[PDB]
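**Q** As they sit in the full assembly, here are the leading chains:
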Amino acid sequence: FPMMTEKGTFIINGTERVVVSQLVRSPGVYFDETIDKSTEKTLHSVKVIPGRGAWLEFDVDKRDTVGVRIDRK
């Protein structure tokens, strides 16, 4: 198992390397609001985004009827 030196590095096949840290978006439920284009109407949305699985999204449209999409279908 490639181990890690006291300096914060790894040594791979002789060369010294560094595993940088990645910025990402956290899993969770993320709401929104996007002024509509056709009608200039507010309309909200949510989105549930885990590390693994399918994307489940709900919305409120201009017809004022809530809706859902599963696996972005």
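**A** Good, I have the coordinates. Numbers count the residues shown, from 1 in each chain, chains lettered A, B, ... in the order given.
**Q** Chain neighbours aside, what residue packs nearest to the most centrally placed residue in chain A?
**A** Centroid check for chain A by Cα atoms, centre = their mean gives residue A:25 as the closest residue, at 4.9 Å. Nearest residue to residue A:25, sequence neighbours excluded (Cβ to Cβ, 6 or more residues apart in numbering): residue A:49, at 7.4 Å. Where you see a C-beta, it was placed from the backbone N, CA and C, and this is true even at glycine.
**Q** right, and the one you found touches residue A:28 too?
**A** Yes - counting by Cβ atoms under 8 Å, residue A:28 is a contact partner of residue A:49 at 6.8 Å.
**Q** Going along the chain, name the strands of chain A.
**A** A:10-12, A:15-17, A:28-29, A:32-33, A:44-49, A:56-60, A:66-70 (DSSP state E).
**Q** picking up where we left off before, show me which of residue A:49 and residue A:28 is the more surrounded one.
**A** Between residue A:49 and residue A:28, counted using other Cβ atoms under 10 Å, the more crowded position is residue A:49 (14 against 9).
**Q** can you slot in chain B too:
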Amino acid sequence: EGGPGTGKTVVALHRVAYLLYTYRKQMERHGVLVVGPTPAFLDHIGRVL
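**A** Following on from the chains above, chain B is added here:
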């Protein structure tokens, strides 16, 4: 539902004003649909709206 001689239309219009101010954030991009029996009455409304 009232009757004649009691100003129900003006009252309804003031009511609509109260609502369109209070909840001017869900409305203000939807509108106010006002139906009526005749365009004479509709212009009257538009005139004291």
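**Q** got the residues of chain A near chain B?
**A** Within chain A, the positions lying close to chain B (Cβ under 8 Å from any Cβ of the partner chain) are A:39-42.
**Q** Phi, psi for the spatially most central residue of chain B please.
**A** Geometric centre of chain B, nearest residue: residue B:13, 3.4 Å, by Cα atoms, centre = their mean. Dihedral pair for residue B:13: phi -70, psi -40, per degrees, to the nearest 10.
**Q** correct me, but it touches residue B:45?
**A** Yes - assessed by Cβ under 8 Å, residue B:13 is found in contact with residue B:45 at 7.2 Å.
**Q** Spit out the contact partners of the one residue in chain A that gets nearest to chain B.
**A** For chain A and chain B, the shortest gap (Cβ to the nearest Cβ) falls at residue A:41, measuring 4.8 Å. By Cβ atoms under 8 Å, 6 or more residues apart in numbering or on different chains, the contact list for residue A:41 reads A:35, A:62, B:29-30.
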